[PDB]
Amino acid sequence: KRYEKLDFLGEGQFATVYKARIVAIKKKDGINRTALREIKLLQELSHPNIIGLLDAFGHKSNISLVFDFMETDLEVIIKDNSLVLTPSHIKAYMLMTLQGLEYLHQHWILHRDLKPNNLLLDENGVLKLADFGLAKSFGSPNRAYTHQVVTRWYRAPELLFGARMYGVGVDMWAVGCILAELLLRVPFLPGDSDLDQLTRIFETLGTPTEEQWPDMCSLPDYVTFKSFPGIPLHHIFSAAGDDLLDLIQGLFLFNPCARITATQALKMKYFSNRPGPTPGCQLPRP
């Protein structure tokens, strides 16, 4: 092959990743379905905020995917206690995430695995959505989905109630959880199980009612919960301004249809307010 192994970047559920010459190579059923999903989706997508699939090769039943090399991810940024995350840095991260998500959604694809470790950053400060091994196309009624998608701490309540049909709302709720993580530097709703995740969501944001979530009880695993009032948003994010609180509320609307899309979120006044998003070369690095 035309690449020389350089380092060992880590071990995953379905593949191991190496550094090479700079690129990152991710190595009876046949070729692994996660690798095929990544190949088929990233071949049809071309956007600055979506991870670029440079090449793909293999031998027999093993397959390697060659992406661009990513410096870090949002999880390391959030967990790095020595990084001061200014509102401008947060706005820049959200802006790139939402632009990539907007492009992905116009092409009718849901990421379904949005979390800070899946939002990778390069040496130029460009945030790219990665790990499309769970990504799937949406917008067709005859497309069976799995509700057990998205990491639990970022799973949307419609998923946690077992929605097998959903739209961009899953990615938007994960984006709201990521925003809350960036603001609080800790996981927003770190539940230990599905029931605990729902309980934490309702204790922090309030138990939704029929008015906020019109068809709540129609979800297959709808758990009738106690009516907690939920902490007010300004009390949770004490340093969040009114525009940022409006964005958070839109991202955390229990109704997925009313939950703001990537385009709508981009049109919110928060992103066009002072201060502007920091340029990529000024974003904090660990």
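The term rigid core refers to the maximal set of C-alpha atoms that superpose within 1.5 Å between the two forms. The first residue of the shown sequence is 1; numbering continues from there.
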Between stretches 275-283 and 1-9, more displaced by Cα RMS in 4 other deposited structures of this protein (rigid core superposition): 1-9
Which of 43-51 and 58-66 lies farther from this form in 4 other deposited structures of this protein, as RMS of C-alpha positions after a rigid core fit: 58-66
Deposited but uncoordinated residues in the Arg21/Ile22 interval: 4 to 9
Unresolved deposited residues in the interval that joins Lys27 and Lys28: 4 to 9
